[PDB]
$ cat entry_29.pdb   # PDB, N, CA and C atoms
ATOM      1  N   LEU U   1       0.793  -1.212   0.000  1.00  0.00           N
ATOM      2  CA  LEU U   1       0.000   0.000   0.000  1.00  0.00           C
ATOM      3  C   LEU U   1       0.846   1.293   0.000  1.00  0.00           C
ATOM      4  N   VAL U   2       2.166   1.165  -0.029  1.00  0.00           N
ATOM      5  CA  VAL U   2       3.036   2.344  -0.060  1.00  0.00           C
ATOM      6  C   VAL U   2       3.854   2.398  -1.356  1.00  0.00           C
ATOM      7  N   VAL U   3       5.149   2.716  -1.267  1.00  0.00           N
ATOM      8  CA  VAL U   3       5.986   2.837  -2.473  1.00  0.00           C
ATOM      9  C   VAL U   3       7.346   2.112  -2.280  1.00  0.00           C
ATOM     10  N   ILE U   4       7.575   1.579  -1.084  1.00  0.00           N
ATOM     11  CA  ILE U   4       8.853   0.922  -0.770  1.00  0.00           C
ATOM     12  C   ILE U   4       8.766  -0.583  -0.995  1.00  0.00           C
ATOM     13  N   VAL U   5       9.728  -1.125  -1.734  1.00  0.00           N
ATOM     14  CA  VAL U   5       9.814  -2.561  -2.027  1.00  0.00           C
ATOM     15  C   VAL U   5       8.670  -3.057  -2.942  1.00  0.00           C
ATOM     16  N   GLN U   6       9.077  -3.606  -4.114  1.00  0.00           N
ATOM     17  CA  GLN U   6       8.201  -4.084  -5.196  1.00  0.00           C
ATOM     18  C   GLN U   6       6.799  -3.479  -5.228  1.00  0.00           C
ATOM     19  N   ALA U   7       5.817  -4.135  -4.593  1.00  0.00           N
ATOM     20  CA  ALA U   7       4.444  -3.631  -4.611  1.00  0.00           C
ATOM     21  C   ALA U   7       3.558  -4.399  -3.654  1.00  0.00           C
ATOM     22  N   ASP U   8       2.650  -3.686  -2.990  1.00  0.00           N
ATOM     23  CA  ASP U   8       1.750  -4.301  -2.031  1.00  0.00           C
ATOM     24  C   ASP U   8       0.429  -4.677  -2.685  1.00  0.00           C
ATOM     25  N   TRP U   9      -0.618  -4.759  -1.873  1.00  0.00           N
ATOM     26  CA  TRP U   9      -1.963  -5.115  -2.323  1.00  0.00           C
ATOM     27  C   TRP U   9      -2.426  -4.246  -3.502  1.00  0.00           C
ATOM     28  N   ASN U  10      -1.875  -3.044  -3.615  1.00  0.00           N
ATOM     29  CA  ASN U  10      -2.305  -2.116  -4.663  1.00  0.00           C
ATOM     30  C   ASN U  10      -1.175  -1.190  -5.102  1.00  0.00           C
ATOM     31  N   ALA U  11      -0.581  -0.516  -4.143  1.00  0.00           N
ATOM     32  CA  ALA U  11       0.487   0.436  -4.400  1.00  0.00           C
ATOM     33  C   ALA U  11       1.832  -0.283  -4.591  1.00  0.00           C
ATOM     34  N   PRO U  12       2.865   0.419  -5.103  1.00  0.00           N
ATOM     35  CA  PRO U  12       4.162  -0.180  -5.419  1.00  0.00           C
ATOM     36  C   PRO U  12       5.078  -0.280  -4.206  1.00  0.00           C
ATOM     37  N   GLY U  13       4.499  -0.414  -3.044  1.00  0.00           N
ATOM     38  CA  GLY U  13       5.313  -0.566  -1.858  1.00  0.00           C
ATOM     39  C   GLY U  13       4.685  -1.416  -0.783  1.00  0.00           C
ATOM     40  N   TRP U  14       5.488  -2.287  -0.210  1.00  0.00           N
ATOM     41  CA  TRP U  14       5.082  -3.206   0.831  1.00  0.00           C
ATOM     42  C   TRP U  14       5.206  -2.618   2.249  1.00  0.00           C
ATOM     43  N   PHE U  15       5.925  -1.511   2.407  1.00  0.00           N
ATOM     44  CA  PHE U  15       6.184  -0.978   3.754  1.00  0.00           C
ATOM     45  C   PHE U  15       5.113   0.008   4.211  1.00  0.00           C
TER      46      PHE U  15
END
$ encode --input "entry_29.pdb" --output "structure tokens"
Amino acid sequence: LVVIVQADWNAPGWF
């Protein structure tokens, strides 16, 4: 849901 590390549920961040 953030921008750090590959990508989360939607956004390009897992952190």
$ residues_near_point --input "entry_29.pdb" --point "(-4.3, -0.3, -2.6)" --cutoff "6.5 Å" --atoms "all atoms listed in the file" --output "CSV table (one decimal) with N, CA and C atoms, in the coordinates of the input"
chain,number,residue,atom,x,y,z
U,1,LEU,N,0.8,-1.2,0.0
U,1,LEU,CA,0.0,0.0,0.0
U,1,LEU,C,0.8,1.3,0.0
U,8,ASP,N,2.6,-3.7,-3.0
U,8,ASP,CA,1.8,-4.3,-2.0
U,8,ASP,C,0.4,-4.7,-2.7
U,9,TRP,N,-0.6,-4.8,-1.9
U,9,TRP,CA,-2.0,-5.1,-2.3
U,9,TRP,C,-2.4,-4.2,-3.5
U,10,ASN,N,-1.9,-3.0,-3.6
U,10,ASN,CA,-2.3,-2.1,-4.7
U,10,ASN,C,-1.2,-1.2,-5.1
U,11,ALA,N,-0.6,-0.5,-4.1
U,11,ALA,CA,0.5,0.4,-4.4
U,11,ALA,C,1.8,-0.3,-4.6
$ axis_aligned_box --input "entry_29.pdb" --around "segment 9-15 of chain U" --padding-each-side "8 Å" --output "JSON"
{"center_x": 1.9, "center_y": -2.3, "center_z": -0.6, "size_x": 24.6, "size_y": 21.6, "size_z": 25.6}
$ resolve_selection --input "entry_29.pdb" --expression "the PyMOL selection byres (((chain U and resi 2 and name CA) around 7) and name CA)" --output "ChimeraX atom specification"
/U:1,3-4,11-15
$ decode --input "entry_29.pdb" --residues "chain U" --atoms "N, CA, C and O atoms" --output "PDB file, in the first residue's frame"
ATOM      1  N   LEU U   1       0.793  -1.212   0.000  1.00  0.00           N
ATOM      2  CA  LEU U   1       0.000   0.000   0.000  1.00  0.00           C
ATOM      3  C   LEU U   1       0.846   1.293   0.000  1.00  0.00           C
ATOM      4  O   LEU U   1       0.294   2.398   0.015  1.00  0.00           O
ATOM      5  N   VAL U   2       2.166   1.165  -0.029  1.00  0.00           N
ATOM      6  CA  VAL U   2       3.036   2.344  -0.060  1.00  0.00           C
ATOM      7  C   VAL U   2       3.854   2.398  -1.356  1.00  0.00           C
ATOM      8  O   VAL U   2       3.323   2.144  -2.417  1.00  0.00           O
ATOM      9  N   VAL U   3       5.149   2.716  -1.267  1.00  0.00           N
ATOM     10  CA  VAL U   3       5.986   2.837  -2.473  1.00  0.00           C
ATOM     11  C   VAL U   3       7.346   2.112  -2.280  1.00  0.00           C
ATOM     12  O   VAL U   3       8.158   2.022  -3.203  1.00  0.00           O
ATOM     13  N   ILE U   4       7.575   1.579  -1.084  1.00  0.00           N
ATOM     14  CA  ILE U   4       8.853   0.922  -0.770  1.00  0.00           C
ATOM     15  C   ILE U   4       8.766  -0.583  -0.995  1.00  0.00           C
ATOM     16  O   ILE U   4       7.874  -1.230  -0.469  1.00  0.00           O
ATOM     17  N   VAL U   5       9.728  -1.125  -1.734  1.00  0.00           N
ATOM     18  CA  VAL U   5       9.814  -2.561  -2.027  1.00  0.00           C
ATOM     19  C   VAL U   5       8.670  -3.057  -2.942  1.00  0.00           C
ATOM     20  O   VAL U   5       7.493  -2.971  -2.590  1.00  0.00           O
ATOM     21  N   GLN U   6       9.077  -3.606  -4.114  1.00  0.00           N
ATOM     22  CA  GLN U   6       8.201  -4.084  -5.196  1.00  0.00           C
ATOM     23  C   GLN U   6       6.799  -3.479  -5.228  1.00  0.00           C
ATOM     24  O   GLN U   6       6.606  -2.430  -5.838  1.00  0.00           O
ATOM     25  N   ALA U   7       5.817  -4.135  -4.593  1.00  0.00           N
ATOM     26  CA  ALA U   7       4.444  -3.631  -4.611  1.00  0.00           C
ATOM     27  C   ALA U   7       3.558  -4.399  -3.654  1.00  0.00           C
ATOM     28  O   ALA U   7       3.674  -5.613  -3.542  1.00  0.00           O
ATOM     29  N   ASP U   8       2.650  -3.686  -2.990  1.00  0.00           N
ATOM     30  CA  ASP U   8       1.750  -4.301  -2.031  1.00  0.00           C
ATOM     31  C   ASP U   8       0.429  -4.677  -2.685  1.00  0.00           C
ATOM     32  O   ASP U   8       0.368  -4.885  -3.893  1.00  0.00           O
ATOM     33  N   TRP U   9      -0.618  -4.759  -1.873  1.00  0.00           N
ATOM     34  CA  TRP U   9      -1.963  -5.115  -2.323  1.00  0.00           C
ATOM     35  C   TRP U   9      -2.426  -4.246  -3.502  1.00  0.00           C
ATOM     36  O   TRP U   9      -3.264  -4.664  -4.300  1.00  0.00           O
ATOM     37  N   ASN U  10      -1.875  -3.044  -3.615  1.00  0.00           N
ATOM     38  CA  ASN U  10      -2.305  -2.116  -4.663  1.00  0.00           C
ATOM     39  C   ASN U  10      -1.175  -1.190  -5.102  1.00  0.00           C
ATOM     40  O   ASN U  10      -0.856  -1.100  -6.288  1.00  0.00           O
ATOM     41  N   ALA U  11      -0.581  -0.516  -4.143  1.00  0.00           N
ATOM     42  CA  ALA U  11       0.487   0.436  -4.400  1.00  0.00           C
ATOM     43  C   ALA U  11       1.832  -0.283  -4.591  1.00  0.00           C
ATOM     44  O   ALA U  11       1.954  -1.453  -4.260  1.00  0.00           O
ATOM     45  N   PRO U  12       2.865   0.419  -5.103  1.00  0.00           N
ATOM     46  CA  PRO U  12       4.162  -0.180  -5.419  1.00  0.00           C
ATOM     47  C   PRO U  12       5.078  -0.280  -4.206  1.00  0.00           C
ATOM     48  O   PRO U  12       6.298  -0.214  -4.330  1.00  0.00           O
ATOM     49  N   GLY U  13       4.499  -0.414  -3.044  1.00  0.00           N
ATOM     50  CA  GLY U  13       5.313  -0.566  -1.858  1.00  0.00           C
ATOM     51  C   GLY U  13       4.685  -1.416  -0.783  1.00  0.00           C
ATOM     52  O   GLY U  13       3.524  -1.252  -0.463  1.00  0.00           O
ATOM     53  N   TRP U  14       5.488  -2.287  -0.210  1.00  0.00           N
ATOM     54  CA  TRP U  14       5.082  -3.206   0.831  1.00  0.00           C
ATOM     55  C   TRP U  14       5.206  -2.618   2.249  1.00  0.00           C
ATOM     56  O   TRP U  14       4.637  -3.172   3.193  1.00  0.00           O
ATOM     57  N   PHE U  15       5.925  -1.511   2.407  1.00  0.00           N
ATOM     58  CA  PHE U  15       6.184  -0.978   3.754  1.00  0.00           C
ATOM     59  C   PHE U  15       5.113   0.008   4.211  1.00  0.00           C
ATOM     60  O   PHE U  15       5.406   1.218   4.293  1.00  0.00           O
TER      61      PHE U  15
END
